[PDB]
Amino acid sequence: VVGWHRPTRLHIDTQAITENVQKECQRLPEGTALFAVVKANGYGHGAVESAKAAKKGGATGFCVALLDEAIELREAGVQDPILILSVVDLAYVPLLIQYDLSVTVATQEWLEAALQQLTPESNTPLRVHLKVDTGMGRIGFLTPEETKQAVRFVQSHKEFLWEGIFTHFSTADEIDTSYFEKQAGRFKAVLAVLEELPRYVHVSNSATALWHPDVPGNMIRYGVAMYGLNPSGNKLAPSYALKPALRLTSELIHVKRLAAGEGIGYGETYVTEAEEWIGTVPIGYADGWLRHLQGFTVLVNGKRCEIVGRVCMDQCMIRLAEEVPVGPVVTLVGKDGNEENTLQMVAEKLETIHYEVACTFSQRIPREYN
């Protein structure tokens, strides 16, 4: 299940994770907390290690997207608050108590149904965070009144404890700020009809924390920035230099001299124009190195090489500058000489964002930590 017996490898610089986190904490008021969102296996970097690295930088809470992803954190030994970011089935409400997990709620219907199968006055309250939809449009309460009604209800039952209320931004990372503020208005107006306020009032994410610090709240969910990736993609400049924590390498496992007019790859989409030194790298699209990456250039001995021909499930072919033996290290993501390949670079070639590139990296790729 994990390709340990193949030179293809992912190196993760956890120190970066800590640095990126520390620096952000230094820009936060003494009252603002920093929760490290490590869902989807730390954006493909590794949950536990990201969490562990995250903590050492000031992290005092973590966010995940699944119940069992949290259990893994609990199991891994993290004893800090863990916030599951999306809705969770009622059948699994007991698991939330057993692991003292914090859950997000978006319907009055959920709470009422949860209220049942919950002891009258449990010695273990259910930590709820109310999600308000102020523009994202995926989950949350749409109305200040509903929001408020939700609160009144959670407040009127000791079997609950709402440690939070929050919302999420859909365009924090954009130059035009108009929609952003409209979302903030919707949040203010829904907090506005509230008497009390929980311990956690969060609204910002990586993008928000960087280009909209003034935004209210005593807690922030730091994501991609943790891994040193500009949230805006390329649109704006982070408030501080982010250190990249993802590195991907492999090596040549076959070298060859091809005559002119030899086709390489499926459907022979490529044909030699002349004498060409072609290298065979053991990484395919099943590893995450997608087919549309064809044409992209990777690194070897500090020189760029083009991926020629169709990328395969388990390998691909690159045009080597000059003869070379089997064994030279192939840098796909990272620095090598003067050349460097950023996930942003991979992303732009893939016409997506690095959030996706990173997750797409299969488990078949062993990850090594500094």
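Residue numbers run from 1 along the displayed sequence.
For the segment pair 49-57 and 308-316, the entry gives 49-57 the higher mean B-factor, averaged over Cα atoms. For the pair 320-328 and 39-47, the mean Cα B-factor is higher in 320-328. In the deposited coordinates, the residue among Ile97, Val154, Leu229, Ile82 with the greatest CA B-factor is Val154.
The PDB entry gives the largest Cα B-factor of the residues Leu130, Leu293, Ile139, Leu242 to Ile139. The PDB entry assigns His168 a C-alpha temperature factor belonging to the lowest third of its chain's modelled residues. Split the chain's modelled residues into thirds by C-alpha temperature factor. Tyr266 is in the middle one. Ranked within its chain, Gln183 lands in the lowest third, by CA B factor from the PDB record.
When all modelled residues of the chain are sorted by CA temperature factor, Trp162 is found within the highest third. Ranked against the other modelled residues of its chain, the C-alpha B-factor of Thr18 as given in the entry falls in the highest third.
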